[PDB]
Amino acid sequence: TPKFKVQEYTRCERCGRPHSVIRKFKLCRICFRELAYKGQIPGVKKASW
Amino acid sequence: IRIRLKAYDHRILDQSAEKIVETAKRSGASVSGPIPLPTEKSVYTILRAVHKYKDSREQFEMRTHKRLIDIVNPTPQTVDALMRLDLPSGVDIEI
Amino acid sequence: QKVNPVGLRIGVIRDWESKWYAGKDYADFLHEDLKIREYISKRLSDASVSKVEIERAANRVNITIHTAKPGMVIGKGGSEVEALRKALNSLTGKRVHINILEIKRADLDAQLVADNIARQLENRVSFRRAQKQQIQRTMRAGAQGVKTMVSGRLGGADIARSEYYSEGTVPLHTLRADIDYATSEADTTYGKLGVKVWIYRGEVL
Amino acid sequence: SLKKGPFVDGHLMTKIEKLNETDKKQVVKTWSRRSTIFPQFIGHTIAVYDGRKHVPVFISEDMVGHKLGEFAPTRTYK
Amino acid sequence: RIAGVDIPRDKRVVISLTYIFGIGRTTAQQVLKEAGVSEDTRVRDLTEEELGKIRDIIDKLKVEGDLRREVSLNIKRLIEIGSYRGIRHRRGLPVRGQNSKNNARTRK
Amino acid sequence: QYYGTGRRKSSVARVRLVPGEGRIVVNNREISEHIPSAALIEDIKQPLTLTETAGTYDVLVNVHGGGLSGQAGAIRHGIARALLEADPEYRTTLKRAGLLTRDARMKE
Amino acid sequence: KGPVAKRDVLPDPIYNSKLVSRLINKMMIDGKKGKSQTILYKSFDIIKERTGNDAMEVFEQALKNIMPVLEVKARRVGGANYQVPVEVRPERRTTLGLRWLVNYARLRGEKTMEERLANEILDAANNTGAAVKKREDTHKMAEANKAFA
RNA sequence: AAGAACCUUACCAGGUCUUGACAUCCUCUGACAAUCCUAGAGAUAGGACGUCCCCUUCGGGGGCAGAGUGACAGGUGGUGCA
RNA sequence: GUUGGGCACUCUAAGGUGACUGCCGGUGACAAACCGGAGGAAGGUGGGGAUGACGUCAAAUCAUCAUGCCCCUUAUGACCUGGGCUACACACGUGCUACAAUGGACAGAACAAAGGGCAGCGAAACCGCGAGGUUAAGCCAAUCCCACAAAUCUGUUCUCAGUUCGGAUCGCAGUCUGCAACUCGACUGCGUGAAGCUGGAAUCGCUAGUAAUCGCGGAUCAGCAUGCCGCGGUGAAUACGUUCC
């Protein structure tokens, strides 16, 4: 719970890890990739391009 | 009446529009048949830097497929029949 | 290493668990889903549930929890279900539904299979044996291939090294081949061991 | 910003305005290296934290408009 | 000779004024505009009247030793407070937050 | 009038031949204004020259996309494809010059 | 295994010469064919204003004098180090014609390229200058080691 | 790991706390709390001001909080020849 | 298109078609093939992506994460404030911008694609030299906004100069962002004007919309781009041949 608004930083809302976070999903590259695979991420499939 | 449908699977989105059009045509109102609207392509590129500058790419993609359904000369039964129809979990029915 | 078979076969032959459109609610509706499935795991750690399909409809959130023990899942008069719902109703915020179907032949689903082997390795059933029960059960179930692997300090053996008993075919070359995959971790008194389980279940034509 | 005017920590500006009531006298210790030197500071010695110790910087006329941390170099190198 | 500087004869006026310390392109442009004189005319092809007018405009600007001194008293001022920038001035290192590890050679 | 869609790169030219005097008017301008290069203009006329219909038809193109070279190729391709609607006898002479092939060289 | 076909360039629109186009593409820098189409049409107006002849009469004459007949090719079978006299294929003649024309035109002292290219063509046409010399040079060298082949 | 001013940040200097930042409880069950006053550099403070959880067959319990409580909790501190 | 105007055309995107040795000549086992010829947008493995087998280094990661055995456990936990991560004798790697005229400055026309935008994009209007501020149109959207291109081309000047080349660096003006830009932001005024007159040995890669060159958008993101990832614009040279490796 940071003091000012600037200090507040995007953290992986599942991991808790504060890195690499995708604003659309609030996930780091890791937690996302894993869940993407399993297919729990409504319409996000792996691409070929 | 103007309906906009949005989905992640174009199959269920077509099966939706079929019913939306068929329910309006059994209701008797003239339909502008489902306009295909420019499908949105959000691509997510997770890079894992190797030797710093080379970087194994992995791309994911979300497609929002869109359909526009105008209903001309609308009817009481139409307005009802539209609310009666159950468009699936993967479609957004905007009126 | 390798591509996750499911990873590359979703929206192709297999489907989304999370069946729902949502624009500005995406993250809300998503992280909710993450609780729901993480809850039903911790709750039903022994009910043989895998494909916890989650649908959505403003405030009518439906959870289909496909289960190989459906008689066990419901409980004594929907006892387990109703208690499950009220927590989820108090956690999520919505009208959490509980439609339930069965996982007929648990050895077809690779999560359940890999979960079965997850326990055997905890209770110190020889890596050797653990898999072979599954393998043969999966064969009789009616599966064209299986590739159980267990990897880690196997039997407390100081040196960790991997042991895989593979039958049939694992056609990863075929995008239309239904390769199920499921990983699991086996925490014994010497670290953890990796249950990886592939299952080709006939072509999707 | 430059329309808002020069910056100074209100915690510090209070301390120095108390000394401006009297005649300089006390020497203020602060961590506000970011505070601009105003004309009111002139004549004072300000103890400014350089990351480990407080550096006593006497405030002259030419130091007005600069920050306090301009006179308390944080990195040691010869 | 303008502001005590022999501006070249062959090149255009605008260019010849860029040599005058304290005058650049845009200063030379608004000098000659304020002089009410063509900026395409040449120094060798100017008039002594026009020179006078150009010279009168440039007297309002701080140029040459006047400007060199203004700049030099600032070097004084920073080494007269031991400011970060002061020390960076006397050490011959970058003063505005440029890195030193590499790409600092102008100063070093 | 005889219609024919051309495409090169991201350009898409809606060519239309009308009975005229060999004027190419693209988006309500003379081709010289729209396409500067002479080399490009010659190449745009290349289907009209080989059928010897330069001075037979007024070309009324509607182009959108790509650049000046691109826009050329699509017009060329669309003239060629318009001529085929004018006279199916031209197919042989056009096809020999490679004008009926759509240049599908996209970016990599 | 089978000789790749060379790219079929268009004819130069005003001289109807695929040679002149090939010059443009040789002169073109950073895909600025415009700059090179201008430069040549500027250079050929300079040739026509000076000589009075058509630029095509001069340019073809210029190429004749630059275009090599025999070239040195390194052969190191066992020892050898033989500079095998090789006859320049008719396509490689024009290649080396236009390459040298452009390469030496850029090196000339004249201020603008349109003048530099014009003067190198005018010098080449008079059987002189540097690009003609370069052909001679390799022939003098090919004549020097002519005992191999 | 070319989106480090603070935050991030893990390091340093100086201040600062010890079921401890956080954590299952063990419970007692309060409101929790904003708050704005006084310091402070801020934390840590001390405190003006400000405490109704709701259901309750009206007990208790889901709590959340403090205090207690109890092992611990938490460690970016070792071992990738576990 | 601004409006009336079915909707033609372009586009948008669902479903189909299409390409093969199917066909016709040679050649050849009458076959296969090979060599050509038609027709077609496509010629003989349509073009890009994606999707591999068993292996090895007790390779690297207990700093993504988890983790047996340890260790710490009023501290090797934790909290704040300031600082450092941005030091620089120097080196190893990656890239940007120049080393001018096939330019610079200067004016006049241009012609893209893709992606993003509501806690946002912000029209226009309005002020400033500009960066910016003003107030705010319309719009979660093929509808409104960011973008609405730069190279180029038409002019048009300087004249091969360390320069109207180049802009480093430093001094002085400000503008946003944030609590705060001193160490430690970006950007714009104004002045300053470094090195560099295109770099050897050596070395790496690349057969076409490629090399090269030019702008644009996005992710991360209060602000911060000479990086990354898209996207288009312009667009080459060359492959003789199996000689040596």
# chains A, B, ... in the order shown; residues from 1 in each chain; ligands from 1

$ residues_around --residues "residue 16 in chain A" --least-positions-apart "4" --cutoff "9 Å" --atoms "only C-alpha atoms (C1' of nucleotides)" --output "compact mmCIF listing (two decimals) with C-alpha atoms, in the first residue's frame"
# COMPACT_ATOMS: atom_id res chain seq x y z
CA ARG A 11 2.65 -6.40 -9.82
CA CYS A 12 1.67 -9.82 -11.20
CA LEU A 27 0.41 -11.04 -15.26
CA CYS A 28 4.19 -11.42 -15.60

$ residues_around --residues "range 6-13 of chain E" --least-positions-apart "2" --cutoff "8 Å" --atoms "only C-alpha atoms (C1' of nucleotides)" --output "list in words"
residues 1, 2, 4, 15, 16, 17, 19, 20, 39, 40, 41, 42, 43 and 44 of chain E

$ write_last_selection --atoms "N, CA, C and O atoms" --output "short mmCIF file (atom, residue, chain, number, x, y, z; two decimals), in the first residue's frame"
data_model
loop_
_atom_site.label_atom_id
_atom_site.label_comp_id
_atom_site.auth_asym_id
_atom_site.auth_seq_id
_atom_site.Cartn_x
_atom_site.Cartn_y
_atom_site.Cartn_z
N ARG E 1 34.44 45.41 -40.49
CA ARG E 1 34.61 45.02 -39.06
C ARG E 1 33.33 45.33 -38.29
O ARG E 1 32.87 46.47 -38.32
N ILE E 2 32.76 44.32 -37.60
CA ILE E 2 31.50 44.43 -36.86
C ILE E 2 31.70 43.82 -35.47
O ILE E 2 32.12 42.67 -35.37
N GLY E 4 33.97 44.48 -33.45
CA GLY E 4 35.38 44.12 -33.40
C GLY E 4 35.70 42.74 -34.00
O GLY E 4 36.52 42.02 -33.44
N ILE E 15 25.96 34.37 -42.96
CA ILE E 15 27.04 33.44 -42.67
C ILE E 15 28.17 34.18 -41.95
O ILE E 15 28.68 33.69 -40.94
N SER E 16 28.53 35.35 -42.47
CA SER E 16 29.61 36.17 -41.93
C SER E 16 29.35 36.60 -40.48
O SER E 16 30.30 36.70 -39.71
N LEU E 17 28.07 36.78 -40.11
CA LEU E 17 27.68 37.10 -38.74
C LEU E 17 27.74 35.88 -37.82
O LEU E 17 27.86 36.08 -36.61
N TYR E 19 30.13 33.85 -37.50
CA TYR E 19 31.49 33.92 -36.97
C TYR E 19 31.57 34.81 -35.73
O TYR E 19 32.36 34.51 -34.83
N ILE E 20 30.79 35.90 -35.72
CA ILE E 20 30.68 36.79 -34.57
C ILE E 20 30.16 35.98 -33.39
O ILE E 20 29.01 35.52 -33.42
N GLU E 39 18.38 40.09 -46.57
CA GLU E 39 19.23 39.09 -45.92
C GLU E 39 19.97 38.25 -46.96
O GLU E 39 20.77 37.39 -46.58
N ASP E 40 19.70 38.48 -48.26
CA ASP E 40 20.36 37.80 -49.37
C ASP E 40 21.53 38.61 -49.93
O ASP E 40 22.34 38.06 -50.68
N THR E 41 21.63 39.91 -49.60
CA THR E 41 22.76 40.74 -49.99
C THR E 41 24.05 40.18 -49.41
O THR E 41 24.01 39.40 -48.46
N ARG E 42 25.19 40.56 -50.01
CA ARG E 42 26.51 40.08 -49.65
C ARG E 42 27.26 41.16 -48.87
O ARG E 42 27.00 42.34 -49.08
N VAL E 43 28.23 40.74 -48.02
CA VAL E 43 29.03 41.64 -47.19
C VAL E 43 29.89 42.55 -48.06
O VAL E 43 29.97 43.75 -47.80
N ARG E 44 30.58 41.95 -49.05
CA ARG E 44 31.32 42.69 -50.06
C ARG E 44 30.41 43.63 -50.87
O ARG E 44 30.90 44.64 -51.37
#

$ atom_distance --atom1 "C1' of residue 164 in chain I" --atom2 "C1' of residue 104 in chain I"
5.8 Å

$ interface_residues --of "chain F" --to "chain G" --cutoff "7 Å" --atoms "only C-alpha atoms" --output "PyMOL selection string"
chain F and resi 38-39+42

$ residues_around --residues "residue 4 in chain B" --least-positions-apart "3" --cutoff "6 Å" --atoms "only C-alpha atoms (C1' of nucleotides)" --output "list in words"
residues 67, 68 and 94 of chain B

$ write_last_selection --atoms "N, CA and C atoms" --output "PDB file, in the first residue's frame"
ATOM      1  N   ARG B  67     -19.604  -8.765 -35.580  1.00  0.00           N
ATOM      2  CA  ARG B  67     -20.691  -8.802 -36.559  1.00  0.00           C
ATOM      3  C   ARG B  67     -21.711  -7.714 -36.223  1.00  0.00           C
ATOM      4  N   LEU B  68     -22.156  -6.974 -37.246  1.00  0.00           N
ATOM      5  CA  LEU B  68     -23.145  -5.918 -37.093  1.00  0.00           C
ATOM      6  C   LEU B  68     -24.465  -6.377 -37.730  1.00  0.00           C
ATOM      7  N   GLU B  94     -24.981  -6.293 -27.874  1.00  0.00           N
ATOM      8  CA  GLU B  94     -25.137  -4.868 -27.609  1.00  0.00           C
ATOM      9  C   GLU B  94     -26.253  -4.352 -28.513  1.00  0.00           C
TER      10      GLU B  94
END
